2 protein chains.
Amino acid sequence: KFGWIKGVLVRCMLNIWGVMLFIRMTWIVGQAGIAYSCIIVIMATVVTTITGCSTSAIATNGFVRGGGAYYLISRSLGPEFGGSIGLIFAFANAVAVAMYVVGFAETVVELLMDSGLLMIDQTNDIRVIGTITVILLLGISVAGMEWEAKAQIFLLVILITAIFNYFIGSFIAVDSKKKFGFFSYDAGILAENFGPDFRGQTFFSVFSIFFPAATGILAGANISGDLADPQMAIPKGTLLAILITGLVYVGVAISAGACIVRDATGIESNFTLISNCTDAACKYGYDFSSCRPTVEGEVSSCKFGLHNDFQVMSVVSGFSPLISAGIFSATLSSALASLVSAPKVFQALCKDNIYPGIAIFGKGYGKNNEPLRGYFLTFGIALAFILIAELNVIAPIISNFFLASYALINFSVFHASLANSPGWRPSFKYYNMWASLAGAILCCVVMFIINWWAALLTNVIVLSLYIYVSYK
Amino acid sequence: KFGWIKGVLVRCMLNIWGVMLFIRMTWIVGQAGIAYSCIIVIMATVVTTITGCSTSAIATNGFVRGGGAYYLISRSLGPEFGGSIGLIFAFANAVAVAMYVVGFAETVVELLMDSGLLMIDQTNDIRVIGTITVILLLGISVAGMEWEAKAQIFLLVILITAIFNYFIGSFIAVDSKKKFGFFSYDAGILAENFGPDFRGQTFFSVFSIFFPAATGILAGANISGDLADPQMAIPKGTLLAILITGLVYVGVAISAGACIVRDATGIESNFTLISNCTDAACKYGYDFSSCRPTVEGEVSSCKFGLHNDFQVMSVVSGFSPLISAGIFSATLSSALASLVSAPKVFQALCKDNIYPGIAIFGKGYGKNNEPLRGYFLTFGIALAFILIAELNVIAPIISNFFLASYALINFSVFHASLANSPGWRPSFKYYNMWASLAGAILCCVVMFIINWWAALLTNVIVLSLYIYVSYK
């Protein structure tokens, strides 16, 4: 049905561009430096590029028939790595649904607190808004699959116009947009933001919050039967969408670092508008001292800038409330693409009976065999993780499970190309199995640097599932 | 052909009773509580008991003739697990030689600092004494193998005389032995020490310095050709020596906590002997306040007690300088039993050619085919760790590698009894493969709790050495 642009490239660019593009890129260039945000984006692009090569080698190992990213992995490689990846990835998308709707609810709550609508506290309005938007997304996943492929191009032309709106707002200079940060492209602010601050966080804890902005590269491989030719659509879409989103992340990082200060008092200075006595840097005025804390703690007695407000891409963009309100489009599109692909892999795993007490989640109800017990279990896991209503503590879990799945893929293709499996002839031009080994080692090492006990628990679960399906 | 007592039980009780019995047990009951020291000894005894059951299942899987240490593991299980255990264990003993001679050199250096002999600073006299005692132990390992099996019983009666001397000195009460700690058995100091302090260290960092006191349980399974029947000597000796040394460690920990204060200044107090007011503990006098630090750091302005002097088992003992000088016997006997067993496993691994650039170290010289290249490589690996002249930073490495080896054994027997290997008939009464799975998961978790990056490095080395030998 689909080609390669509308089927793989648009779906990967909608699954990748999620929460951290708008509401957490500027906080990453505020915590880490520009030279560290570039290293963060280049590392999370190297990881996803190696995993994209490794899944294109699976998608070019024959097997045109059969939809689902579980099917290509369990047919090309063994059923052990297939079952392990089809459980870890179907848990990673089920918790990524919670991440994207927590980011959406946080955006809605931080829009309504600027207005008069504030019912309960900030960490309890997200638990209310995030609950309603996950039962409205469950209904649109079980009764609105025919409009999703029609509305994906509308969501993409919302999203690309939102990014271009942010950029063409970043080139202009408005003095009313000052006191929230956002002076013009200044080499003083560019030199000040060049270099880390790490207020509260650290490197490989800013990377852990970044890395779910790089996940979603298996949105092309998850639909194989929907495509026309999976030998030419899945590499050419994934390894192009990864490059496009990496360049957009690098450009957004440099644009947010080169024109926004790290802290800014939310009060206009019309008395003494030009202040240069005892000046340090970035002085068009406004006297942005006394917001940087004297103590080295996590506290910062300010309300705007790159460090505090979480939402400064609204005031940098030319028109915030509708055009830069493509935060909603990105979050709901990524949560929709992760809500119809977490039971899909799970239904494909429960049909081929592998795990004992799991085959009850395979009865696909409805007309198109949509798995309702898979949808309800994904909804249960998602609603179990919405209740921790803070994106900065959901994201080191999504990063952990997606690094586990992307280490398992890059290790399974290396083990297949090393053990010389009979049905593993990887007819792809740039595969180079030692690069997939280096990618798997890098994913495991970064997953352990982020959070060592969760990484140890996830690797013990992966080894237990592998030694179970091996000696079944 | 030895029996089962003087070939397995004596060798295991000499390899297990190493450094941490005399010079680092009172510091463990000073850092942790009495209850936490008992939990530490019981956890290490559980780990070594599960590994003793798992190596008894290997030593009772036939294979009487052609005995060895690498031989039983490589011939009952596969060569893939044997060729990795025979490198991790042969590196663990090669670095344990450095640990035992660093403990011996530290004992010699502190005995010379109690006298007037002092050449250079304290962290450089250990680098001098530790280098001389590792080139003298190399000559004994290549020349004096005939005297070793006849002097092991003499070293054992020295060691048991030292333990009984410590105990019968602990029951008596001497007024002159006060101000170094060591009041008599009383419930006040027992209630004071029942509870953690953790000055500088933490739990699973006091356990990491403890756990080399439990290692050495494979000294019975390292000489199988030197035994009459390995089916009855190795299970009945290992799991008896582990119980004996665990009861001795529990008794020494309780007898060190129930009569020694945690802090005691070396100033005798004749004037104002017995205090009346402002007293919390120590109802005999000497006013041991103001040695506890007001700050919460690792610094302590004191010189004796349980926390500081490192040698208080000389003070508690009846006659220190020759009877409680079994520290030298324990350290040199354990370093000798780890110096003749690190190339022995390595020679047995290099004869069956597995690794490409390793086969040079198999040229056994001498009259009894003792590998001088393996001895020189073990001497080099030990000399690369003697230069780090601090036992509290050597011991979390020995603990890491021995937990890796004891996780690999307890996982190899579980993988053999789960895969139902054709040559794995574990004729042993108390094997129960899920207990070996629990004792492998527990070692893999504790090895990561101690030091996560070294555990990740060791697990990546183990997985590399398993995927290299297995799937090639």
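Chain B residue numbers are taken from Swiss-Prot; in order, the displayed residues are 206-677.
A Cβ is built for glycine as well, from the same backbone N, Cα and C atoms used for every other residue.
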Candidates B:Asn427, B:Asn475; Swiss-Prot annotation N-linked glycosylation site sits on B:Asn475
Of B:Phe294, B:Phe309, B:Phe359, which does Swiss-Prot put in the chloride 2 site with B:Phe607, B:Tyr611? B:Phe294
Looking at Swiss-Prot, which one out of B:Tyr305, B:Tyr491, B:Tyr560 binds K(+) in the same site as B:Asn220, B:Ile221, B:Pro417, B:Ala418, B:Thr420? B:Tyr305
For B:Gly238 and B:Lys634, give whether Swiss-Prot records them on the same side of the membrane. no
With reference to Swiss-Prot, specify which of the listed residues B:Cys482, B:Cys507 is paired with B:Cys496 by a disulfide. B:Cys507
Going by Swiss-Prot, point out which residue in B:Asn481, B:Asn615 is annotated as N-linked glycosylation site. B:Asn481
The topological domain 'Extracellular' (B:235-238), counted residue by residue under DSSP: helix, strand, coil: 2 helix, 0 strand, 2 coil
Do the transmembrane segment (B:408-427) and the transmembrane segment (B:328-351) share at least 3 Cβ pairs under 8 Å, sequence separation 6 or more? no
Cβ under 8 Å to the topological domain 'Extracellular' (B:235-238), counting only same-chain residues 6 or more beyond its ends: which ones? 245, 398-406, 408, 411, 462, 465, 467, 510-512
DSSP residue counts for the topological domain 'Extracellular' (B:315-327), split into helix, strand and coil: 6 helix, 0 strand, 7 coil
Pairs of Cβ atoms less than 8 Å apart decide it: which stretch in B:524-551, B:596-619, B:637-656 has the most with the transmembrane segment (B:239-261)? B:637-656
Validating a neighbour-count step here. Other CB atoms within 10 A of the CB of B:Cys496 (disulfide bond): how many? 19
Given the cut-off of 8 Å on Cβ pairs that are 6 or more apart in sequence, determine whether the transmembrane segment (B:352-376) and the transmembrane segment (B:577-595) share at least 3 such pairs. no
Test of understanding: applying the rule of at least three C-beta pairs under 8 Å (pairs 6 or more apart in sequence), is the transmembrane segment (B:286-314) touching the transmembrane segment (B:596-619)? yes
Give me the stretch from B:209-234, B:286-314, B:657-672 with the greatest number of Cβ pairs under 8 Å to the transmembrane segment (B:577-595). B:286-314
